[PDB]
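Just below is one structure, and these are the notes that go with it.
Cβ placement follows ideal geometry from the backbone for every residue including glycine, while neighbour counts extend to all protein chains displayed. Rule-based calculations on the coordinates, nothing more; no lab input.
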């Protein structure tokens with residue numbers, strides 16, 4: 001909204017919004033890794049890096 | 001003169017001082033805003 005408000009920002013900066021889904025890293029998610037298969041059983045997709 | 005030398009904020013200093021300049025701009029800017037839904041003042045003042 002700030003970019004849609006401020007007028008002169010258009011030429012300098014464009015905002016590309018990306019929603020990063022479930023993505024499996026080893027360090028932080030090392031607990032979450034085992035249930036990756038479990039969540040994926042709901043017909044949903046978890047992603048590799 | 002013709003087109004091509006036009007600059008951002010051209011004659012905008014005159015608009016802030018002269019009364020005759022304001023009447024020309026505002027009557028023009030009002031019409032454009034109502035009929036075509038845009039303002040020439042904004043376009044001249046800051047280039048989109």
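Restricting attention to the stretch B:22-39, does a residue exist that is under 20 Å from residue A:5 (Cα atoms) and within 9 Å of the chain's Cα centre (by Cα)?
Within the stretch B:22-39, one or more residues are under 20 Å from residue A:5 (Cα atoms) and within 9 Å of the chain's Cα centre (by Cα).
How many of the residues in the stretch B:11-48 are outside any helix (DSSP H, G or I), away from chain A (no Cβ under 14 Å) and either under 17 Å from residue A:8 (Cα atoms) or in contact with a helix residue (DSSP H, G or I) (Cβ under 6 Å, 6 or more places away or on another chain) (or both)?
Looking only at that region, the number is 0.
What tally of residues in chain A results from selecting those that are touching a residue at least 12 places away in the same chain (Cβ under 8 Å), more than 14 Å from chain B (Cβ to nearest Cβ) and not in a loop (DSSP other than H, G, I, E, B)?
6
I'd like to verify a number: residues in the stretch A:16-31 that are surrounded by 10 or more Cβ atoms within 10 Å (Cβ to Cβ) and farther than 13 Å from residue A:49 by Cα, how many?
1
Restricting attention to the stretch A:26-49, does a residue exist that is in contact with a helix residue (DSSP H, G or I) (Cβ under 9 Å, 6 or more places away or on another chain) and under 30 Å from residue B:41 (Cβ atoms)?
no
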